2 protein chains.
Amino acid sequence: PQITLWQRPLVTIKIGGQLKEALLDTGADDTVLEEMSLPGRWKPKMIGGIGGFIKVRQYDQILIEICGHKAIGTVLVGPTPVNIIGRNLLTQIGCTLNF
Amino acid sequence: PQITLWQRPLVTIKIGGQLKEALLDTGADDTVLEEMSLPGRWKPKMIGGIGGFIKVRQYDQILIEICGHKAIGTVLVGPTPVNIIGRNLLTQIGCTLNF
Ligand SMILES: Cc1cccc(C)c1OCC(=O)N[C@@H](Cc1cccc(Br)c1)[C@H](O)C[C@H](CC(C)C)S(=O)(=O)c1ccc(F)cc1
Ligand SMILES: [Cl-]
Ligand SMILES: [Cl-]
Ligand SMILES: [Cl-]
């Protein structure tokens, strides 16, 4: 697809068998989702945004689809204002910025 | 150009005669720069997200050059940790997400 930016680039993702809405965010190094259950062990991580740093849970090698494109990678979970797809998965699905 | 997302998409901008580095951020609704002077009227605004909110000054109808592409739009000024080019100006230079 080709996605313009006159509105938020919100897409449907699938993780854990469930459909969720998420923002394609080239401003984000990593992917962070609202509180949810994921399998396995997690590791601690700090991420910094406009107001400061938050603590999140880091889960590795998690299956996730983005607009139907299947990916496998690191997913962070924590008190994010919105589900964010960051560059770690955007790169996996072959996303680039063009003008 | 086509900009890869293997790395943060930082680009050179020109504003108020100054050259600065800024992040092309599809996740940001608006453009926000570190503390600087700009011409004209302004109004206070709060913007927020991970780590909370910050107070900014909103200036409208500000000319900016992004990778040599001229645009006009609202610029927010305040204690952001990084300069951010948001969708309000990305649209004007014709920037799209593609995969
Ligand atoms: C999710 C994530 C994981 C690891 C590392 C990073 C940087 C990251 O993204 C965090 C995030 O908050 N990114 C911002 C842009 C940003 C902000 C601070 C530092 C860096 Br570096 C990058 C996200 O792309 C844009 C945000 C919004 C997002 C949380 C929906 S925002 O900055 O809060 C914003 C709000 C309103 C505006 F008008 C403009 C910008
Ligand atoms: Cl912890
Ligand atoms: Cl990953
Ligand atoms: Cl604008």
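All ligand and atom numbering here is 1-based and tracks the order in the structure. Just so you know, these numbers use all the heavy atoms, side chains as well, and skip hydrogens, waters and symmetry mates. Order of the sequence lines fixes the chain letters, A, B, ..., with proteins taken first and strands second; residue numbering starts at 1 for each chain.
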shortest atom 28 (C) of ligand 1-to-protein heavy-atom contact is with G27(B) O, 4.0 Å

Contacts table for residues 51-70 of chain B: side-chain donor-acceptor under 3.5 angstrom, sequence neighbours left out:
unit_1, atom_1, unit_2, atom_2, d
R57(B), NH1, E35(B), OE1, 2.7
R57(B), NH1, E35(B), OE2, 3.0
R57(B), NH2, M36(B), O, 2.9
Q58(B), NE2, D60(B), OD1, 2.9
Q58(B), NE2, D60(B), OD2, 3.4
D60(B), OD1, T74(B), OG1, 2.6
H69(B), ND1, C67(B), O, 3.3

Among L33(B), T31(B), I47(B), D29(B), exactly one meets side chain to side chain contact (heavy atoms under 4.5 Å, CB included) together with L76(B). Which residue is that? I47(B)

Nearest 0.5 Å please: distance from the CG atom of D25(B) over to the CG atom of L90(B). 8.0 Å

Could you find the nearest protein heavy atom to atom 12 (O) of ligand 1 and give me its residue, atom name and distance? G49(A) CA, 3.4 Å

How far is atom 40 (C) of ligand 1 from the closest protein heavy atom, and which atom is that? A28(B) CB, 3.5 Å

Under the side-chain contact (heavy atoms from CB on, under 4.5 Å) test, residues paired with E21(B) that sit two or more places apart: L10(B)

Distance from atom 10 (C) of ligand 1 to nearest protein heavy atom, with residue and atom: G48(A) O, 3.7 Å

Starting from atom 36 (C) of ligand 1, locate the nearest protein heavy atom and write down its residue, its atom name and how far away it is, to 0.1 Å. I47(B) CB, 4.2 Å

Above 12 or not: heavy atoms from other molecules or residues under 6.0 Å from CD of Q18(B)? yes

Under 4.0 Å, heavy-atom basis, I'd like to know which part of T80(A) is in contact with ligand 1: side chain, backbone, both or neither. neither

Closest to atom 24 (O) of ligand 1 among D25(B), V56(A), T31(A) (heavy-atom distance): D25(B)

Among all protein non-hydrogen atoms, which one is nearest to atom 4 (C) of ligand 1, and what is the separation to 0.1 Å? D30(A) OD2, 3.2 Å

Top protein contact for atom 6 (C) of ligand 1, by heavy-atom distance: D29(A) N, 3.6 Å

Please state which protein non-hydrogen atom is closest to atom 20 (C) of ligand 1 and give its distance, to 0.1 Å? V82(B) CG1, 3.5 Å

